[PDB]
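Visitor: Dropping a structure here in structure tokens format, bear with me for questions.
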Amino acid sequence: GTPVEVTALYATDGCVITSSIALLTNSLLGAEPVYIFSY
């Protein structure tokens with residue numbers, strides 16, 4: 001079929017900005033699991 005588009009608002013139980021920055025930079029320490037709050 002076609003790729004279904006989803007817009008997922010996500011939150012983290014710690015510092016979300018720092019965790020996201022570490023995730024984008026492929027850093028080892030700093031990444032935490034993400035909770036998809038609403039979509």
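Numbering starts fresh at 1 for the residues of each chain in the structure tokens, the chains themselves are lettered A, B, ... in the order given, and ligands are numbered from 1 as they appear.
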Considering only strand (DSSP E or B) as DSSP defines it on the backbone, what residues of chain A qualify? List them as a list in words.
Guide: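 In chain A, DSSP puts these residues in strand (DSSP E or B): residues 9, 10, 11, 35, 36, 37 and 38 of chain A.
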Visitor: Which residues are close to residue 31 (chain A), i.e. within 6 Å by only C-alpha atoms, leaving aside same-chain residues fewer than 4 positions away? Reply as a VMD selection string.
Guide: chain A and resid 19 22 to 23
Visitor: Among chain A, which ones does DSSP place in alpha helix (DSSP H), written as number ranges by chain?
Guide: A: 16-24
Visitor: I want to know what sits within 12 Å of region 14-16 of chain A, based on only C-alpha atoms, with residues of the same chain fewer than 5 positions away left out; could you give that as a PDB file with C-alpha atoms, in the first residue's frame?
Guide:
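Everything below was put into part.pdb:
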ATOM      1  CA  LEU A   9       4.078  13.588  20.453  1.00  0.00           C
ATOM      2  CA  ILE A  21      20.188  15.457  21.528  1.00  0.00           C
ATOM      3  CA  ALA A  22      22.146  12.393  22.669  1.00  0.00           C
ATOM      4  CA  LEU A  23      19.957  10.165  20.484  1.00  0.00           C
ATOM      5  CA  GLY A  30      22.107   9.966  27.803  1.00  0.00           C
ATOM      6  CA  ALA A  31      19.505   8.084  25.772  1.00  0.00           C
ATOM      7  CA  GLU A  32      16.324   6.947  27.526  1.00  0.00           C
ATOM      8  CA  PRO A  33      13.201   5.120  26.327  1.00  0.00           C
ATOM      9  CA  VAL A  34      10.543   7.407  24.861  1.00  0.00           C
ATOM     10  CA  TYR A  35       6.831   7.313  25.686  1.00  0.00           C
TER      11      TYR A  35
END
Visitor: Rank nothing, just name the residue among A:7, A:2, A:20, A:12 nearest to residue 38 (chain A), using only C-alpha atoms.
Guide: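 When distances to residue 38 (chain A) are compared using only C-alpha atoms, the smallest one comes from A:7.
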Visitor: Please list as number ranges by chain every residue within 8 Å of residue 37 (chain A), counting only C-alpha atoms and excluding residues in the same chain fewer than 6 positions away.
Guide: A: 8-11
Visitor: Store the residues picked out above in a file with C-alpha atoms, as an mmCIF file, in the first residue's frame.
Guide:
data_model
loop_
_atom_site.group_PDB
_atom_site.id
_atom_site.type_symbol
_atom_site.label_atom_id
_atom_site.label_comp_id
_atom_site.auth_asym_id
_atom_site.auth_seq_id
_atom_site.Cartn_x
_atom_site.Cartn_y
_atom_site.Cartn_z
ATOM 1 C CA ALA A 8 3.634 11.184 17.552
ATOM 2 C CA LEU A 9 4.078 13.588 20.453
ATOM 3 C CA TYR A 10 6.731 11.983 22.642
ATOM 4 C CA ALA A 11 7.872 12.527 26.224
#
